[PDB]
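Novice: One structure, pasted below without further comment.
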Amino acid sequence: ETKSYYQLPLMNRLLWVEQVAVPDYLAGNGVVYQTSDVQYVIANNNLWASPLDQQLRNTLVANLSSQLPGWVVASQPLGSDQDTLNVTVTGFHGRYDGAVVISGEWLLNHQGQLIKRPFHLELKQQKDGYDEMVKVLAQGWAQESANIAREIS
Numbered sequence: 001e002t003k004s005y006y007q008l009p010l011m024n025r026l027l028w029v030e031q032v033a034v035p036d037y038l039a040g041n042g043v044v045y046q047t048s049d050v051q052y053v054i055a056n057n058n059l060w061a062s063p064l065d066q067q068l069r070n071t072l073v074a075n076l077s078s079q080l081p082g083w084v085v086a087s088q089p090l091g092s093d094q095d096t097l098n099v100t101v102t103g104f105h106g107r108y109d110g111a112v113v114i115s116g117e118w119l120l121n122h123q124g125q126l127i128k129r130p131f132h133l134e135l136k137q138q139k140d141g142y143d144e145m146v147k148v149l150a151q152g153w154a155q156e157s158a159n160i161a162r163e164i165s
C-alpha cells in the first residue's frame, strides 16, 4: 500500500546535452524490474518522482560538469559553436538476481565530427529493495558519465 517515489541525486568549451531518449518500457511512471530472461515489469507502487528521461539528462549534466572543469555543460543550448551530446538509454533497471543494468549509446558532435559509442554496465546490488536498486542505478549512471568525460577530455 505504501507508495514510494525516486529521484536520481543531482551532483571554455561548451557542451549542450540534448534530450535523452528512452524506450517506452522505461518511460512509464514505474521503475523497471527484469523478472526473468524475457520479462520486464513496471512497478506499480515504486515510481519515478519526475520523468526518468529528464532525470537522466539533468544528472548527466551535473555529473559531467563536475568532471570537466574546462567545460560549460548545460541542458539548454549555450552557443552557436557548442558541441552537442545526444544519449539514448535502452537499459536502466534492476534484475531478479540483484544486478542492475545500464545500457545505451551516446553521440558527441563537434561541428559535424562525430564520436558514437555504445555503453553497457552491470552492477551488483548488495542490499535488497527498490531504494538500493535506485542507489546503484545512480552510481552506475555516474560511472557512465565518468566514461563520457574521459573521452571528452
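Numbered according to the deposited numbering, the sequence shown spans residues 1 to 11, 24 to 165. The C-beta atom is built at its ideal place from N, Cα and C for all residues, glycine as well.
Which one of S157, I160 and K147 has the shortest CA to CA distance from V43?
Specialist: Nearest option by C-alpha distance: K147.
Novice: Note down, in chain order, each residue of its chain lying with its Cβ closer than 8 Å to the Cβ of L133, except the 5 sequence neighbours on either side.
Specialist: Correct list, in chain order: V113, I114, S115, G152, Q155 and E156.
Novice: Where do the ends of the alpha helix (DSSP H) carrying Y37 lie?
Specialist: Element bounds for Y37: n/a, residue is neither H nor E.
Novice: Can you say whether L10 is buried or exposed, counting buried as having 16 or more other CB atoms within 10 angstroms of its CB?
Specialist: Looking at its Cβ environment, which holds fewer than 16 other Cβ atoms inside 10 Å, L10 is exposed.
Novice: Out of curiosity, what's the CA-to-CA distance linking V99 and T2?
Specialist: In a straight line, the C-alpha of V99 is about 33 Å away from that of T2.
Novice: One question on the structure: do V101 and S87 come within less than 8 Å of each other, judged by their Cβ atoms?
Specialist: No. Outside cutoff.
Novice: What do you get for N57, buried or exposed, if any count of 16 or more other CB atoms within 10 angstroms of its CB means buried?
Specialist: Exposed.
Novice: Around the C-beta of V32, are 16 or more other C-beta atoms found within 10 angstroms, so that it is buried, or is it exposed?
Specialist: That one is buried.
Novice: On the criterion of 16 or more Cβ atoms from any shown chain inside 10 Å, does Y5 qualify as buried, or is it exposed?
Specialist: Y5 should be labelled exposed.
Novice: How many angstroms separate the CA atom of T96 from the CA atom of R162?
Specialist: If you take the alpha carbons of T96 and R162, they lie about 16 Å apart.
Novice: How far does the alpha helix (DSSP H) with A154 in it reach, from first residue to last?
Specialist: It spans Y142 to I164 - the alpha helix (DSSP H) in which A154 sits, taken as one unbroken run.
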